Amino acid sequence: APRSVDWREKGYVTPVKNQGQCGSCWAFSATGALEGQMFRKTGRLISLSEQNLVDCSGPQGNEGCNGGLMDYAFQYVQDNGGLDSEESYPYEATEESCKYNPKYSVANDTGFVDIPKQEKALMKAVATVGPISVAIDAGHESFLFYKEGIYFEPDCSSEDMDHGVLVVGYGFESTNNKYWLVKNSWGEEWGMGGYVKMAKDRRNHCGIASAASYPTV
Ligand SMILES: *C(=[N-])c1nc(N2CCOCC2)nc(N(Cc2cnccn2)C2CCCC2)n1
């Protein structure tokens, strides 16, 4: 694994999105991972529809704005045989009837990989695959009102995750304090342009390696 990685610079990552007042972070984490994998497959970066996932992936166990999981989203795309573009199926921030139309499918997957629950394994995955879906303990106001710098919350749990986000890289700063570069779905005004630097190799801080996965294509 290289000492740092940033898949934004290689064209794998769409702009930061905003889930609004809906428990759909899992859909944004899953679309971000599949956007990366489709880009590596095809060389085309196409924003994918979280609304398609929120409306349609109930059979796989998702609950719309009442939560869900990225692996359930990857399973839906496999079962469905496709996923629409964000342009064809824009985000509404409420669960509505399923409107998937295969004519506008721009992505597919063949299942998913669950990464071993270790930050070394996560680093190898990020370096060899692309952006990776992860779950973190985001349930402290220090995270809600994060602005900049390496996020380190002594009270964070490595087992009690409550938010899904996307690891787009890792690196270190000199101020060797290491971090994961994490894309959130709270809009560009949160954090650093919508990103957070999460402490890396600090005893699986906030559980970032505990439920990491990505779709196969
Ligand atoms: C992301 N917006 C989000 N939202 C929720 N909820 C809780 C259910 O009501 C809606 C808001 N949950 C999650 N979860 C799933 C979760 C949360 N806490 C306990 C167990 N699962 C995250 C999705 C990836 C793993 C955690 N996210």
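Computed over heavy atoms, backbone and side chain alike; hydrogens, waters and symmetry mates excluded. Counting begins at 1 with the first residue of the sequence.
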Please check if the side chain of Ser105 supplies one atom and the backbone of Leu83 the other of a donor-acceptor pair under 3.5 Å.
yes

On a heavy-atom basis, which atom in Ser133 and which in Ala33 lie closest, and how many Å separate them?
OG-CB, 3.3 Å

State the CG-OG1 distance between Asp109 and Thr216, to the nearest 0.5 angstrom.
6.0 Å

Answer yes or no: is there a side-chain heavy-atom contact under 4.5 Å between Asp114 and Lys117?
no

Got more than 12 heavy atoms from elsewhere within 6.0 Å of CD, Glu87?
no

CD/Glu96 to SG/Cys56 distance, rounded to the nearest 0.5 angstrom?
11.0 Å

Less than 4.5 Å apart, side chain to side chain, heavy atoms only: is that true for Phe74 and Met70?
yes

Salt bridge (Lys or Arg N to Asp or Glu O under 4.0 Å) filter on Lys183, not counting sequence neighbours, yields none

Holding to side-chain contact (heavy atoms from CB on, under 4.5 Å), I want the full list of residues that pass it with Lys41, two or more places apart in sequence or in another chain.
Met38, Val217

Keeping to residues at least two apart or across chains, list the salt bridge (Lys or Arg N to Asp or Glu O under 4.0 Å) pairs with something in residues 5-16.
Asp6-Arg8

In this structure, CD1 of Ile46 is separated from CG of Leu34 (nearest 0.5 Å) by 10.5 Å

Can you list everything that forms a side-chain contact (heavy atoms from CB on, under 4.5 Å) with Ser47? Sequence neighbours excluded, please.
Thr14, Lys17, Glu35, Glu86

What I'd like to find out is whether the side chain of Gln19 reaches to under 4.5 Å of the side chain of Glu50, using heavy atoms alone.
no

Show, in sequence, the C-alpha distance, side-chain angles and deciding distance for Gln75 and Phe112, and conclude whether the side-chain contact (heavy atoms from CB on, under 4.5 Å) test is met.
CA-CA 8 Å; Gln75 186 69 49; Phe112 54 88; 3.7 Å; yes

Locate the shortest heavy-atom distance separating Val5 from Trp7; write the atom from each residue and the value.
CG1-NE1, 3.4 Å

Excluding sequence neighbours, so at least two apart, what forms disulfide (SG to SG under 2.5 Å) with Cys25?
none

Has the side chain of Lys99 got a donor or acceptor atom that lies under 3.5 Å from a matching backbone atom of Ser97?
yes

Identify the heavy atoms of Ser57 and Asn62 that sit nearest to each other, and give their distance.
OG-ND2, 2.8 Å

d(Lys178 NZ, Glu173 CD) to nearest 0.5 Å is 13.0 Å

Where is the tightest heavy-atom contact between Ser24 and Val54, given as atom of each residue plus distance?
CB-CG2, 3.8 Å

Side chains of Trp190 and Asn18: does their closest heavy-atom pair fall under 4.5 Å?
no

Could you list the residues that satisfy side-chain contact (heavy atoms from CB on, under 4.5 Å) with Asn80, not counting sequence neighbours?
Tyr76, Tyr100

Side chains of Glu119 and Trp180, heavy atoms from C-beta outward: is any pair under 4.5 Å?
yes

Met161: side-chain contact (heavy atoms from CB on, under 4.5 Å) partners, not counting sequence neighbours
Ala135, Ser210, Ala211

Can you give me the closest heavy-atom contact between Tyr195 and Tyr146, atom names plus distance?
O-CE2, 3.5 Å

In short, salt bridge (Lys or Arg N to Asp or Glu O under 4.0 Å) pairs touching residues 56-80 with sequence neighbours left out are none

Tell me whether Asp137 contacts the main-chain N or O of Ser157 through its side chain, where contact means a donor paired with an acceptor under 3.5 Å.
yes

May I have all residue pairs that pass salt bridge (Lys or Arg N to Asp or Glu O under 4.0 Å) and include part of residues 144-172, sequence neighbours excluded?
none

In terms of hydrophobic clusters joined by side-chain contacts under 4.5 Å, are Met123 and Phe152 together?
no

The side-chain hydrogen bond (donor to acceptor under 3.5 Å, both in side chains) partners of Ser88 (sequence neighbours excluded) come to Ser85

Are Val77 and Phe39 linked, directly or through other ILVMFWY residues, by side chains that come within less than 4.5 angstrom of each other?
no

Rounded to the nearest 0.5 angstrom, the OH-CZ distance for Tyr12 and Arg40 is 3.5 Å

Are any of the side-chain heavy atoms of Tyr214 and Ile115 separated by less than 4.5 Å?
yes

Using the rule that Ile, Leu, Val, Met, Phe, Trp and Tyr join whenever any side-chain heavy atoms are under 4.5 Å apart, tell me whether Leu181 and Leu45 fall into a single cluster.
yes

Cluster question for you: counting only ILVMFWY and a side-chain heavy-atom cut-off of under 4.5 Å, with indirect links fine, are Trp26 and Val182 together?
no

Residue pair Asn177, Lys197: steps toward the side-chain contact (heavy atoms from CB on, under 4.5 Å) verdict
CA-CA 11 Å; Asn177 243 55; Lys197 296 182 175 177; over 6 Å; no

Side chains of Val113 and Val129: closer than 4.5 Å at any heavy-atom pair?
no

Tell me whether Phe172 is reachable from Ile208 by hopping between hydrophobic residues (I, L, V, M, F, W, Y) whose side-chain heavy atoms are closer than 4.5 Å.
no

Checking one residue: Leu69. Which other hydrophobic residues are in its cluster under the side-chain 4.5 Å linking rule?
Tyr72

Output yes when a side-chain donor or acceptor of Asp84 lies under 3.5 Å from a complementary backbone atom of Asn101, and no otherwise.
yes

Could you tell me if the side chain of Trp186 sits less than 4.5 Å from the side chain of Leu144, heavy atoms only?
yes

Closest non-hydrogen atom pair, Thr94 against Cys65
CA-SG, 3.8 Å

What's the separation between atom OH in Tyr179 and atom NZ in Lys200, rounded to the nearest 0.5 Å?
10.5 Å

Just by distance, with hydrogens left out, do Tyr104 and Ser49 show a side-chain donor and acceptor under 3.5 Å apart?
no

Mind checking ring-ring contact (aromatic ring centres under 6.0 Å, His included) for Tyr151 and listing every partner two or more places apart, or none if nothing turns up?
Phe143

